[PDB]
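Everything on this sheet refers to the single structure shown next.
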Amino acid sequence: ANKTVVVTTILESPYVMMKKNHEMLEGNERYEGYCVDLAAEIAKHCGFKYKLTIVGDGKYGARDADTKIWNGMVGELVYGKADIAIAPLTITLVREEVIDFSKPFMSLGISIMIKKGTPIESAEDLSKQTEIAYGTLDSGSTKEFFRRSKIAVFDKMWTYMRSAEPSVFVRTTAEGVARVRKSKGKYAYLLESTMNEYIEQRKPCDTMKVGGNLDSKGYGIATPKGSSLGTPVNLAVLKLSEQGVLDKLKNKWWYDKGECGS
Amino acid sequence: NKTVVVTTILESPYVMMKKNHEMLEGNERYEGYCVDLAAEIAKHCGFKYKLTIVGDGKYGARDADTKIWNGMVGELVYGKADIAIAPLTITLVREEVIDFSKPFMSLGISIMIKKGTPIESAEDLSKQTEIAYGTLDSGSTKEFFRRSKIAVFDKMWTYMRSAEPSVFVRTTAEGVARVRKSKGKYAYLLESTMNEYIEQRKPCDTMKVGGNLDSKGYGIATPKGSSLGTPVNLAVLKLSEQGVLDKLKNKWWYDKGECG
Ligand SMILES: CC(C)S(=O)(=O)NC[C@H](C)c1ccc(-c2ccc([C@@H](C)CNS(=O)(=O)C(C)C)cc2)cc1
Ligand SMILES: N[C@@H](Cn1cc(F)c(=O)[nH]c1=O)C(=O)O
Ligand SMILES: N[C@@H](Cn1cc(F)c(=O)[nH]c1=O)C(=O)O
C-alpha cells in the first residue's frame, strides 16, 4: 500500500533553507526554498505524501575511489535510505549509471564568482596568473569536471587547484562565498551559475559572476534505479516546465526579492 | 545485430545536403550537427546506421481526430525507424509515447524580425496588428502557443490561429524567407538555436529580439522501451561531459557565421 516518500535534500540556498522560526517548527515546515516548493508540486502531481530529510553528511554524492562507496544524496538513494532526491543535484554520467534521473528541471553551468573589482574576466585569465587563488566545492560535479577535463585550460586549472596550499577547496558554498568576500580580491570561486546568480542578488552585493559558463548541464530529480516513482516524477517535471511553474519558482527564489537593486 | 534506421529532418545546420550531393550516396549525402552527432552516438554505442530524411518533413504532432502521429515521432511510434537524431524538442505529449535521452542542446522559443522592425518583445507583437507573425505549422512552438495560459501568449495564439492568409509555415526556411520579403510586416516565432544560426548568415538582414519565451531541450528519441535508449543516453552524457557537444555547436554555428 501507499507509503510516505522519504525525500533526501540538502541545505543549499535558496533551494532549501531553514525558516526563520524553525526552532519551534517540526517536519517539513522547518524548511523553505525552491526545492521545498518543487517537492510540494511533484508530490501533488504524483499523489504522494513525503518527508523532507536533510542528507546526514551534507554532500551531493561522490564515489570513493578505494571503497567504491557512494556518499551524499546519491548514497542515500543507492543504499535504500531515501526514495527520491529533490535538490540541485547535477545529472552526471557516473551518477546516471547507478541512479535514475528525470529530465532536468533547471539549467546551469560552472561559472566564476569574483569580489567586485577583481581583474579577472574568464577561466583563461585565472589560468594565466598566480596572484589570485581559486577553487571549488570540495566534493561534487564541479570538482569532478576539473579533475576529468581534457581541455587544456581546465586541465591547467585542475593541476594548480589539486596541489594548492593552503587548500582552495571548500566544504560548503557558503564557505566559498565567505572566502571570496574576505580575501580582498585574492580568491575567486568556481561554482554553478545558479548559485552564483543567486548570491549576486544578496547583500552586501559585493560579488559578481564574470565570463561565460565553462559547461552546460542541468539538475535532475533522482530516484533509485528502477523505482516506480521515476516515470510519474519525470512526467510531473515536464508538466511543470510546460506550465511555466519552473520559471515562476526560479523568479520567486532568485530575483523577486533580490537585495541588490533592479 | 542489424543496421539502425535513423530518422532525421532537413533543418540547417543540423542536417543539410552537401554540395554535389546528387552524386553522393547514403550517409555521405548529408552534413551538419546532427550528422556528426549521429556518428558519435553510433561510435560510442557500437552500431551501424542509415540516415533517412522523414518522408513528410515534419517533427511530430498527433492529429486531434485520428490520433495518428506524423513526422519523426510517427516514424518511431509506428515502427518505421529505430531512433530519431534531430532537433526534436522534449515535450510532455511526446514523452508519453516515445523515449527521450537527456537533452543534448538547450533552446527557447524566440522572435525573429527583419532589422529595424519596431518590435522588441512578444508583448509588443501582441499589442499591435500591423505586423503579422507566425510559427512552424507543426511542432513544439505551435503547440506552446496553443496550450499557453499566459495572457500575452494566449492573445498571440488567438490571433495566429485565425489569421488570414495563414501565418504558419511548412519549413523554417519558408518562415525566414517570409520575414526577409515582407518588408518588416512579418515576424517569425522560432527556436533560438535556428534563430541564432540564421542571424549570422547572409544576407544578414534578420535579428533575434527579446528574451526567450521558454526554456527546454532537444533529445534523442527512441521507440518506447527500446533497448537502444539506455546506451544512447549514456553516450549523450559522455559527449556532454567530454566537451564534444560544445565543440560541435561551435563548429556548426559561429564558425560558419557570415555576418562578421
Ligand atoms: C548531462 C547532460 C547530458 S544534460 O545536462 O542533461 N544536457 C546537456 C545540454 C547541453 C543541455 C543542458 C541544459 C539544458 C536544459 C534546458 C532546459 C532545462 C529546464 C528548464 C527544462 N528541461 S527540459 O528537459 O527541456 C523540459 C522538457 C523538462 C534544463 C536544462 C538542456 C540541454
Ligand atoms: N550540483 C553539484 C554540487 N555543487 C554545488 C555547487 F553549488 C557548486 O558550485 N558545485 C557543485 O559541484 C552536484 O550535484 O554535485
Ligand atoms: N523542435 C521543434 C520543431 N521546431 C523547429 C523549429 F525550427 C521551430 O522554430 N519551431 C519548432 O517547433 C519540434 O521538435 O517540434
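Heads up, residue numbers simply count up from 1 along the chain you see.
This deposition comes from X-ray crystallography, 1.4 Å.
Note that Cβ sites are derived from N, Cα and C of the backbone, with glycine treated the same way.
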Candidate annotated as phosphoserine in Swiss-Prot, where the set is A:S111, A:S149, A:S193: A:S149
Candidates A:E41, A:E192, A:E197, the one Swiss-Prot lists with A:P88, A:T90, A:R95, A:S141, A:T142 as binding L-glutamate: A:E192
Candidate set A:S167, A:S183, A:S216, residue annotated phosphoserine in Swiss-Prot: A:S183
Nearest-integer angstrom distance between the alpha carbons (Cα) of A:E192 (L-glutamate binding site) and A:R147 (site 'Interaction with the cone snail toxin Con-ikot-ikot'): 16
Integer Å distance between the CA atoms belonging to A:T142 (L-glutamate binding site) and A:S149 (phosphoserine): 11
Among A:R63, A:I120, A:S141, A:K239 (the recorded positions), residues with Cβ under 8 Å to chain B, listed in sequence order: A:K239
Maximum Cα-Cα separation (Å), residues A:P88, A:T90, A:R95, A:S141, A:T142, A:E192 listed as binding L-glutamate: 18
Cβ-based neighbourhood (8 Å from the centroid) of the L-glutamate site, residues A:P88, A:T90, A:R95, A:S141, A:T142, A:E192 excluded: A:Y60, A:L89, A:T92, A:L108, A:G140, A:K217, A:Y219
Integer Å distance between the CA atoms belonging to A:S141 (L-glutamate binding site) and A:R147 (site 'Interaction with the cone snail toxin Con-ikot-ikot'): 10
Secondary structure content, the linker (A:117-119) (per DSSP, counts of residues): 0 helix, 0 strand, 3 coil
For A:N2 (N-linked glycosylation site), the number of other Cβ atoms found within 10 Å of its own Cβ: 7
